[PDB]
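Below you'll find the structure, written out as structure tokens, and then a few comments.
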Amino acid sequence: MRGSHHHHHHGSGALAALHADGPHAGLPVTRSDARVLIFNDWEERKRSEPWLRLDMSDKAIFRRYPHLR
């Protein structure tokens, strides 16, 4: 338990493309698919829970989802 970060600095309401089969089935295909997945999932969870914090820099996408690189 060390450190903290906040970057509610981005947002894009769209559809995300996912892999259908093999190693990555159900994962986003591009960095922008991963951003759009985080954003749409946050919009739904934020409509359920109004406090929800959003963090989706290029670094945060490659750290949460290492398969995009």
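Following the order of the structure tokens, first chain is A, next is B, and so on, with residues numbered from 1 inside each chain and ligands from 1 in the order they appear.
Near stretch 41-54 of chain A, within 10 Å and counting only C-alpha atoms, sit residues 6, 7, 8, 9, 10, 11, 13, 35 and 36 of chain A, not including residues fewer than 5 positions from it in the same chain.
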Identify all residues of chain A in helix (DSSP H, G or I) (DSSP on the backbone) and supply them as a ChimeraX atom specification. /A:22-24,31-48,58-64,66-68
With C-alpha atoms retained, export the selected residues as a short mmCIF file (atom, residue, chain, number, x, y, z; two decimals), in the first residue's frame.
data_model
loop_
_atom_site.label_atom_id
_atom_site.label_comp_id
_atom_site.auth_asym_id
_atom_site.auth_seq_id
_atom_site.Cartn_x
_atom_site.Cartn_y
_atom_site.Cartn_z
CA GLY A 22 -8.00 -17.74 -28.79
CA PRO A 23 -5.67 -16.11 -26.14
CA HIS A 24 -7.58 -12.79 -25.84
CA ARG A 31 -5.63 1.06 -26.94
CA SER A 32 -8.71 3.08 -28.03
CA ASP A 33 -11.00 0.00 -27.67
CA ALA A 34 -9.54 -0.39 -24.12
CA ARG A 35 -10.17 3.36 -23.39
CA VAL A 36 -13.78 3.04 -24.71
CA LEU A 37 -14.33 -0.12 -22.60
CA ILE A 38 -13.07 1.68 -19.43
CA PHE A 39 -15.23 4.73 -20.30
CA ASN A 40 -18.52 2.84 -21.04
CA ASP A 41 -18.01 0.56 -17.96
CA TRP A 42 -17.34 3.70 -15.85
CA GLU A 43 -20.48 5.45 -17.30
CA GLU A 44 -22.66 2.45 -16.28
CA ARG A 45 -20.98 2.11 -12.82
CA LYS A 46 -21.18 5.98 -12.37
CA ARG A 47 -24.96 5.87 -13.13
CA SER A 48 -25.15 3.17 -10.37
CA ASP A 58 -2.00 5.52 -22.26
CA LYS A 59 0.11 4.32 -19.24
CA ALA A 60 -3.01 3.18 -17.30
CA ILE A 61 -4.34 1.23 -20.36
CA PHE A 62 -0.94 -0.54 -20.89
CA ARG A 63 -0.67 -1.24 -17.07
CA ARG A 64 -4.29 -2.56 -16.66
CA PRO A 66 -0.61 -5.38 -21.07
CA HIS A 67 -1.89 -7.19 -24.25
CA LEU A 68 -2.46 -3.86 -26.17
#
Give me, please, the distance in Å between atom CA of residue A:29 and atom CA of residue A:55, quoted to one decimal.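 Rounded to one decimal, the two atoms are 19.0 Å apart.
The protein and nucleic acid residues lying at most 7 Å from residue A:18 are residues 26, 27, 28 and 29 of chain A, with only C-alpha atoms considered and sequence neighbours fewer than 3 positions away removed.
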Take the residues that were just selected and, keeping N, CA and C atoms, output them as a PDB file, in the first residue's frame.
ATOM      1  N   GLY A  26     -12.745 -11.859 -25.505  1.00  0.00           N
ATOM      2  CA  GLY A  26     -13.415 -10.865 -24.655  1.00  0.00           C
ATOM      3  C   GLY A  26     -12.572  -9.636 -24.265  1.00  0.00           C
ATOM      4  N   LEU A  27     -11.269  -9.594 -24.585  1.00  0.00           N
ATOM      5  CA  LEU A  27     -10.416  -8.414 -24.375  1.00  0.00           C
ATOM      6  C   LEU A  27     -10.577  -7.384 -25.517  1.00  0.00           C
ATOM      7  N   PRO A  28     -10.387  -6.072 -25.261  1.00  0.00           N
ATOM      8  CA  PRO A  28     -10.350  -5.039 -26.308  1.00  0.00           C
ATOM      9  C   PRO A  28      -9.192  -5.239 -27.295  1.00  0.00           C
ATOM     10  N   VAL A  29      -9.366  -4.842 -28.561  1.00  0.00           N
ATOM     11  CA  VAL A  29      -8.336  -5.056 -29.599  1.00  0.00           C
ATOM     12  C   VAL A  29      -7.258  -3.961 -29.606  1.00  0.00           C
TER      13      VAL A  29
END
